[PDB]
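This report refers to the structure that appears directly beneath it.
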Amino acid sequence: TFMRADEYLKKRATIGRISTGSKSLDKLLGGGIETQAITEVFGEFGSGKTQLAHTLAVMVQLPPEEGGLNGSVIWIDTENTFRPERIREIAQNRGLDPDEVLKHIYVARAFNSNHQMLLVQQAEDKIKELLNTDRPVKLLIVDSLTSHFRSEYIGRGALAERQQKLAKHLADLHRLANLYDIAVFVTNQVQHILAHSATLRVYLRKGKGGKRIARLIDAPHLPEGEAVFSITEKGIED
Amino acid sequence: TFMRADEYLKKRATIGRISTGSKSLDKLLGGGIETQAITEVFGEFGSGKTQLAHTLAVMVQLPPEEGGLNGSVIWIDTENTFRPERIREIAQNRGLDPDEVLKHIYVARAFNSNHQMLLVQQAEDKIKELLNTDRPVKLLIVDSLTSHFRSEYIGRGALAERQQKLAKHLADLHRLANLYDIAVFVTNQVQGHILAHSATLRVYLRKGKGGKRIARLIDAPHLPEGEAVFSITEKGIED
Amino acid sequence: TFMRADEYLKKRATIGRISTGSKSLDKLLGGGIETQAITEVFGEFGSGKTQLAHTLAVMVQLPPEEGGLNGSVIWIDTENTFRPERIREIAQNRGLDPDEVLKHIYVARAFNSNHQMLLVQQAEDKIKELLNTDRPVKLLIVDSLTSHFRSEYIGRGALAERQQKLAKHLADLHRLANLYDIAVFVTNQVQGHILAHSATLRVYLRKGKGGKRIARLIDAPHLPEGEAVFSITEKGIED
Amino acid sequence: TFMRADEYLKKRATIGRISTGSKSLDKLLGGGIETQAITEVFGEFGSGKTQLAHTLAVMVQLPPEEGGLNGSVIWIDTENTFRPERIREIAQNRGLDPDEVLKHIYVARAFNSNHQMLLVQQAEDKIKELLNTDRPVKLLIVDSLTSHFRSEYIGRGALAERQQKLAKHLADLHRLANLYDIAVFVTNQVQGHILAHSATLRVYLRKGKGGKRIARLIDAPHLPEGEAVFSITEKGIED
Amino acid sequence: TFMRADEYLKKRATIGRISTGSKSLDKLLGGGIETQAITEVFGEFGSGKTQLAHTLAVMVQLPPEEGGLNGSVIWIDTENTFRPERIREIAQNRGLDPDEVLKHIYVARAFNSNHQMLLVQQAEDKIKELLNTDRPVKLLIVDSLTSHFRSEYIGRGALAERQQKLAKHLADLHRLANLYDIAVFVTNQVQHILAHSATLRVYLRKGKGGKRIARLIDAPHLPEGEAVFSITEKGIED
Amino acid sequence: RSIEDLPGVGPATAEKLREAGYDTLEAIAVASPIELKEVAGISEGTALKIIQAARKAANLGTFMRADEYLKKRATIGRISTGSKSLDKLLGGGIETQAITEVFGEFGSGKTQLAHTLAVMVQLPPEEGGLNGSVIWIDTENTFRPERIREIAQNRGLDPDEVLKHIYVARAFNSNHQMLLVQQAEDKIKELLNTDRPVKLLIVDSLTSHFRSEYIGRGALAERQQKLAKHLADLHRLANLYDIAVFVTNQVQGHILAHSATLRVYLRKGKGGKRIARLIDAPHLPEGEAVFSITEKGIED
């Protein structure tokens, strides 16, 4: 069904924003990563996109004033890179209770493409039974989003099917994002494949001495420069 | 379906570690290959990855204080390379009862890819069978993991189903590793090259100076970034 | 299902060995071709691998001291090269009743790949029957093993399925080999050159010096290295 | 032939810097394009690299305190894009005498690669000619540098001679830049793609928001790692 | 002419060794880079091989006891990356006189392959008129050695000629190395082309947090591990 | 006429001809006036006279009566590898008047075998040598006079003495390599008619530089021609002076000495031991040989 541009405009206003935990980024990002959208972060291994994920898993928990959305987190881990113990750290280094955070984050290990996709659909369950609660789900992470797809589908003749499925997956996320005002954050290791339906794609690379530099890939809807930040306790900062 | 970050953090701390039988290799691995994980060791033929497998089949059996996890072993052999006589020897020189050790290792010969994949789904029963015991399964070996796949699936048009099924195999192993706190060890001969992408940790090892072998990681984060030397002798892996 | 390493040490303990009929080649094979294994012999046409097959079909029949295993023989013939007359000669030329040996050899002509695979599948029933008697099946020959496969499957987009079947075939043989302590001997003519990768052991042989042959192993793991010369005569193969 | 590390260190400190006419771009460049160097600016057609060239042809003329180096300009035009009227306008709005400025810029139209390369060797005389003056040559522009090369040398078998000669051209420029403390500025249109590899610094710039342009470097070490925005107006480049 | 294994053994003994300025390296290197040899260091851009060059340009100047050879330096710069001012720094941070160093280093900017090659042959001049002196040439750097070759020779049909010339160049260096007991250090940026005639090839990459890790590519004549070090004043250390 | 004692050739001319590879009577014998004219400067007509002189003077351009040839072969010496096993396989050891090529993967020990041979050849015939000197062309910087010292002082040989009958030259590229051959003939005749003439000439590696300087399908053609000539230059020395030529070839592009009198393949074996095998049936056995690397070089 098609809603009216009334409700539509209204909704696009009730769009929340999670802070990345680093001034410079939230800036170049126009607030931060938004809900009702899929934000894709991509770059070489070690470009810190999994750290950014961890940080976001904290930020979203704190009050709007600090850049959060007082919400829960659903984390689909495909590369076995989710470290709760990492949450604990960064957390007890920016106020919040380092043992409370790990109470509003729910993870699932995805062992292959089909598993990954099936988990997303089940994510609606935990998501659902929680909208009627003080801390609903506001962040849904898929790290990595492309990992399995680019390994199970090698050689043309599969590329077609790969996109079809990848697409159906992305579509499943988009739905959740809008259906529940959730911010969908996905990572993509690069050096190909992208998340075409992505609402916003941010590229980041290792920069200079122990620092990462981002830069959106678009033009309309947000700045056109670069943003530098670093990895420390508190996750990302600056 | 999902788990609370605190539970995951909890479950994780319950992760055991098997010693390779080498101070060195062990340091490199962070004390040894872990449970709830798939560790892939790969290298040229004769790089000693099958020895490492045999050693681990012993170590896991001894007490935590000694490097093991007082557990049993499920061994899926695809290249007919499992030698109990070699377990027995690694044991004998380690001061154990060869006759006992050989009672907590269970093998199955895998004659082809479909067989191999079938075996893994089958192990689940032996795991369950011993699970509620004092010596549950703690090590599951697949040697070789890639051997059959890289021989039954030739050329493109095949990679589609290969990875397709492989991925399904690795996923079967991952489940067991986590569902039962088991350490999954797999070997991969490397000169159509395959890989255990889903592998939790990939260790590369090659032959060295004289009779020695050297191992190195395939990741900078998590664990150091150096090399480890060791040797093959009675007791399996030393140094 | 699976099997305890100790009971495996048991199974492998009973590995028998058939003599090739020539001191030389046995040294190289460390005694002879073994049971619970697939031994592949390959070489150009006329390299004498079908003679080696005939000799083995006799030797396996005589006592362990004499180098046999007092066993019967199952022979899948795909190139119409099995000559019972030849067995008689080699047999009456080795302290064996010619007409009795032929009562412990069972042949089947394989007319194409599907037939061949279907025949090995049927061998089981025959194996099972003689399993309880004094002379069980101890030798299963497939000559040629690759012949039909490399003729019914031409061009890629076929080569892939060939392996998917050739592998199901080899797996069928491996099973019988272990399930019944049988030695599986297969031949492969070599000048698309397919091979029996699963081959527990691959022996290469070529026409040598003066009307003699010469064989060598392929690899390094388990068993010496070097070459072995022998000849074709009555008695089949002789040093 | 060679020089003492102290002399080189000395010669280097004698390196002048021309302002692009943009606080921003200037910061990004470390105060501006330097002498004794080849600065390559590249981007899509209309990214304003020819404007930047025109601005520099003015800036260089004014005092050091003002961003110039009180010098003359040698301009090798290959795409017939040099407009004195535009110099005159950039000057006029910068508070200078269009009639004067146009007296310290010397152009030559290059009709093809060989012509282009000839011109550079020729400039050396004008450089010498003005060298012992109070307003020596301090800026040498080649716009476009790659235009002709990427049109006269089509396909492989050509790249050999292209780069071969190009390299020889760039080397000719490098010499002049150092032999006479001149800043060499070259443009390169980018959608057989060429490049000034020997370039001392490569700056990439593209069109932006509205009428604006944005420049970024092609090196992490030496100078920052950010972007710079500016605009095209009278005075040439602003912001 | 062929010398006798007498003189030959003698010579291979009178082989000097320059320290890299970092314990860990000199170790994995069996002393350090030796004279009468071409040592090739290769790795990605920013792997610090030009720093290593700078350090070596200092070390070689100090007495044997500290790991030097009280010698001069000939530096062929092809990528305009030689910073005397960088020498000054590192120098006045490990004893020696930060303004004396730049007195025993002689540079030449090579603008292309032919220039590069021709400079090497002229290097014999400065080299020569200095052997009869307190501080003879002991280090000859070519940074980068491959830069120009891989740019002027693109597309097969040149690859052949490229190797021929590259070869003649390497041979020219080898000669100088032996003819004058000089240590030849050459860099090679990678991600192809190598310096085949190279006496020793060391690979180095950026490692962990602001550190570089080396590892020889051979087996016979020196260890088989890796070496970590860092870039600071003094150039390379650890 | 033996060397450039040819009619129209003076030293200056000889200079240009040598720096160009026309270093032998046969080299010139097979050239064309145009080539020599462009290499030396001489006129097309005198160059022609030069060619004819060479065609007529050529040593290896004459036939030998089989009775004479049977005898030449009767005087072929044999160097021991230092391994009963291997020698059996060679029927005594590598022979003189022949090019023996040993090839295998890096580390298959062919450079060790070279070092051993450089010692053996020095001891008496009964000891496994021919009381001779050694010319060593090193292209990969792998000649360690130290290993020589060792292997020598481990067979009761005076290392300080052994080191006095080995002459090395480092070859920095193909042209250098080829060039050093002609200069090898200089030293060979120098030490010729001496208590210890040259009996062993090593080229290690023989192919290294050729497979690096000639990359391409357009480079392949002349790659072979130059190797062909280089090999011919060695064959000549081998026969002209009863020398045993030993060359190594790393393998696994692809190259080899097609005109090698005998090609021996060797690979890393069991544990620390190497196994060498022959590549043909005519002349010599047909089995494998195992040996090891230790002091004394090669053993067993």
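Our numbering is plain: 1 for the first residue shown, then up by one each step along the chain.
Heads up, the Cβ atoms here are built off N, Cα and C, so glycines get one too.
Features of the protein shown, as given by Swiss-Prot:
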| type | residues | note |
| --- | --- | --- |
| BINDING | D:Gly43, D:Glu44, D:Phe45, D:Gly46, D:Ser47, D:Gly48, D:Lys49, D:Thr50 | ATP binding site |
Indicate whether D:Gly43 (ATP binding site) is helix, strand or coil by DSSP.
strand
Among D:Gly43, D:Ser47, D:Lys49, all listed as binding-site residues, which has the most CB atoms within 10 Å of its CB?
D:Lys49
Give the number of CB atoms, excluding that of D:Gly48 (ATP binding site) itself, located within 10 Å of its CB.
25
Let me know how many other Cβ atoms fall within 10 Å of the Cβ of D:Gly46 (ATP binding site).
13
Which listed residue (D:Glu44, D:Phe45, D:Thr50) has most other Cβ within 10 Å, given these are binding-site residues:
D:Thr50
For the ATP site built from D:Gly43, D:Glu44, D:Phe45, D:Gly46, D:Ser47, D:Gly48, D:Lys49, D:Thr50, further residues of that chain with CB within 8 A of the site's CB center:
D:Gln189, D:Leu205, D:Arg206, D:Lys207, D:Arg213
DSSP-derived structure type at D:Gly48 (ATP binding site), helix or strand or else coil:
coil
